[PDB]
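Beneath this line is the structure, given in structure tokens, with notes to follow.
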Amino acid sequence: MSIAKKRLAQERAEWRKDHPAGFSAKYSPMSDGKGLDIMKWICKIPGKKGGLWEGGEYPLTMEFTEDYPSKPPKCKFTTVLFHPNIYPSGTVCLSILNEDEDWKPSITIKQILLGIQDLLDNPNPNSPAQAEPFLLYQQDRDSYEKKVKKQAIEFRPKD
């Protein structure tokens, strides 16, 4: 019994018990269609009300290794966001997701997803993972805010 999988099952159980509304966090379907992959989760983050990202839903994967809760998961936005701290790969750059910075083993999935949501509204000037939104954020905020708002519309759930 892996200690990673033991922890992940608890996280999922707790998540179902209580989680923020509008968020989603599930095991991903395995490509062969046979059951779910506990080591790769598919998540959704709603734009925070009142922020630039409001109205959007942002799909993100969390991939865990057998080293987890010791090592953080890797979080990647499925479609890349126009944001200073999201790499062109979609990968989230966030101190609590860095084992050499603020990652600690007790941190929950809920805490990660809320942390990332907060990041969306509050970019961090020292870890710029994407050059142009970082540039615009610093020097032409009005233009940044219009591009972000436009994108938020693009990520509105289908209807």
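Following the order of the structure tokens, first chain is A, next is B, and so on, with residues numbered from 1 inside each chain and ligands from 1 in the order they appear.
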Determine, using only C-alpha atoms, which residues of segment 54-83 of chain A have any atom at most 12 Å from an atom of segment 15-27 of chain A, and tabulate each with its shortest atom pair and distance in Å to one decimal place, rows ordered by chain and then rising number, as a tab-separated table.
```
residue	atom	partner	partner_atom	distance
A:54	CA	A:22	CA	11.6
A:55	CA	A:22	CA	10.7
A:56	CA	A:22	CA	10.3
A:57	CA	A:22	CA	8.3
A:58	CA	A:23	CA	9.3
A:59	CA	A:24	CA	8.8
A:60	CA	A:25	CA	9.2
A:61	CA	A:25	CA	9.0
A:62	CA	A:25	CA	9.1
A:63	CA	A:27	CA	10.0
A:64	CA	A:27	CA	11.1
```
Could you turn the residues from that selection into a file that holds N, CA, C and O atoms, as a compact mmCIF listing (two decimals), in the first residue's frame?
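Output contents, as saved in part_35.txt:
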```
# COMPACT_ATOMS: atom_id res chain seq x y z
N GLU A 54 -12.95 36.36 -13.39
CA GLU A 54 -14.33 36.03 -13.07
C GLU A 54 -15.09 35.57 -14.31
O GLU A 54 -14.95 36.16 -15.40
N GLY A 55 -15.91 34.54 -14.14
CA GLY A 55 -16.70 34.01 -15.24
C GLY A 55 -16.07 32.78 -15.87
O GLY A 55 -16.75 31.95 -16.46
N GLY A 56 -14.75 32.66 -15.75
CA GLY A 56 -14.04 31.53 -16.30
C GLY A 56 -13.97 30.29 -15.43
O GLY A 56 -14.12 30.35 -14.20
N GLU A 57 -13.77 29.16 -16.09
CA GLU A 57 -13.47 27.89 -15.43
C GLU A 57 -12.17 27.36 -16.03
O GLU A 57 -12.08 27.20 -17.25
N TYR A 58 -11.17 27.10 -15.20
CA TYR A 58 -9.83 26.80 -15.71
C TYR A 58 -9.37 25.38 -15.36
O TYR A 58 -9.01 25.10 -14.22
N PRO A 59 -9.40 24.48 -16.35
CA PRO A 59 -9.01 23.08 -16.15
C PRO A 59 -7.51 22.94 -15.90
O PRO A 59 -6.69 23.56 -16.58
N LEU A 60 -7.16 22.09 -14.94
CA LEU A 60 -5.79 21.94 -14.49
C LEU A 60 -5.56 20.50 -14.08
O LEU A 60 -6.44 19.89 -13.47
N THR A 61 -4.40 19.94 -14.42
CA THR A 61 -4.05 18.62 -13.91
C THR A 61 -3.05 18.69 -12.75
O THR A 61 -2.19 19.56 -12.72
N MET A 62 -3.20 17.76 -11.81
CA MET A 62 -2.25 17.54 -10.73
C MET A 62 -1.66 16.17 -10.88
O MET A 62 -2.37 15.18 -10.71
N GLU A 63 -0.37 16.07 -11.20
CA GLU A 63 0.24 14.76 -11.33
C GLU A 63 1.13 14.48 -10.13
O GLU A 63 2.02 15.28 -9.80
N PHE A 64 0.85 13.38 -9.44
CA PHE A 64 1.59 12.98 -8.25
C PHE A 64 2.57 11.85 -8.56
O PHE A 64 2.31 11.04 -9.44
```
Residue set, segment 44-132 of chain A restricted to strand (DSSP E or B), as a ChimeraX atom specification = /A:44-46,57-63,74-77,86,91-92
With C-alpha atoms kept, could you save the residues just selected as a JSON list (two decimals), in the first residue's frame?
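Writing done, so here's part-v7.json:
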```json
[["chain", "number", "residue", "atom", "x", "y", "z"],
["A", 44, "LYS", "CA", -11.27, 22.91, -12.36],
["A", 45, "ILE", "CA", -10.83, 26.36, -10.86],
["A", 46, "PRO", "CA", -13.50, 29.09, -11.10],
["A", 57, "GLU", "CA", -13.47, 27.89, -15.43],
["A", 58, "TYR", "CA", -9.83, 26.80, -15.71],
["A", 59, "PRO", "CA", -9.01, 23.08, -16.15],
["A", 60, "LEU", "CA", -5.79, 21.94, -14.49],
["A", 61, "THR", "CA", -4.05, 18.62, -13.91],
["A", 62, "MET", "CA", -2.25, 17.54, -10.73],
["A", 63, "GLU", "CA", 0.24, 14.76, -11.33],
["A", 74, "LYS", "CA", 2.99, 19.16, -10.64],
["A", 75, "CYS", "CA", 0.07, 21.41, -11.58],
["A", 76, "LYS", "CA", -0.55, 22.36, -15.20],
["A", 77, "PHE", "CA", -3.30, 24.40, -16.77],
["A", 86, "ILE", "CA", 2.08, 30.33, -15.67],
["A", 91, "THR", "CA", 2.79, 24.69, -15.55],
["A", 92, "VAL", "CA", 2.01, 26.64, -12.38]]
```
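With only C-alpha atoms as the basis for measurement, A:82 is the residue among A:82, A:87, A:94, A:36 that approaches residue 137 of chain A most closely.
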Within 12 Å of residue 119 of chain A, counting only C-alpha atoms, which residues show up once you throw out same-chain ones fewer than 5 positions away? Write them as a PDB file with C-alpha atoms, in the first residue's frame, please.
```pdb
ATOM      1  CA  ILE A  45     -10.828  26.361 -10.864  1.00  0.00           C
ATOM      2  CA  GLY A  47     -12.290  32.655 -11.540  1.00  0.00           C
ATOM      3  CA  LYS A  48     -12.521  34.405  -8.184  1.00  0.00           C
ATOM      4  CA  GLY A  51     -11.323  39.474 -10.133  1.00  0.00           C
ATOM      5  CA  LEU A  52     -10.059  39.669 -13.724  1.00  0.00           C
ATOM      6  CA  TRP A  53     -10.713  35.959 -14.235  1.00  0.00           C
ATOM      7  CA  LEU A  81      -3.372  31.246 -19.271  1.00  0.00           C
ATOM      8  CA  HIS A  83      -0.487  35.173 -16.629  1.00  0.00           C
ATOM      9  CA  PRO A  84       3.052  36.103 -15.498  1.00  0.00           C
ATOM     10  CA  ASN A  85       3.437  32.992 -13.321  1.00  0.00           C
ATOM     11  CA  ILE A  86       2.081  30.331 -15.675  1.00  0.00           C
ATOM     12  CA  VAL A  92       2.009  26.641 -12.385  1.00  0.00           C
ATOM     13  CA  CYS A  93       4.928  28.439 -10.713  1.00  0.00           C
ATOM     14  CA  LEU A  94       3.915  28.869  -7.055  1.00  0.00           C
ATOM     15  CA  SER A  95       6.058  28.740  -3.902  1.00  0.00           C
ATOM     16  CA  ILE A  96       3.886  26.202  -2.060  1.00  0.00           C
ATOM     17  CA  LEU A  97       4.260  23.957  -5.147  1.00  0.00           C
ATOM     18  CA  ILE A 112      -3.402  24.050  -3.487  1.00  0.00           C
ATOM     19  CA  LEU A 113      -6.436  24.929  -5.646  1.00  0.00           C
ATOM     20  CA  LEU A 114      -7.342  27.973  -3.558  1.00  0.00           C
ATOM     21  CA  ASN A 124       4.135  37.394  -8.106  1.00  0.00           C
ATOM     22  CA  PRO A 125       6.808  39.761  -9.547  1.00  0.00           C
ATOM     23  CA  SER A 127       9.004  34.331 -10.468  1.00  0.00           C
TER      24      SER A 127
END
```
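Nearest-residue note for residue 118 of chain A: choosing from A:34, A:138, A:49, A:3, the minimum distance belongs to A:49, counting only C-alpha atoms.
Across the model, the gap from atom CA of residue 134 of chain A to atom CA of residue 89 of chain A is 15.5 Å.
Each of A:110, A:71, A:147, A:35 was checked against residue 13 of chain A using only C-alpha atoms; the smallest atom-to-atom distance is that of A:110.
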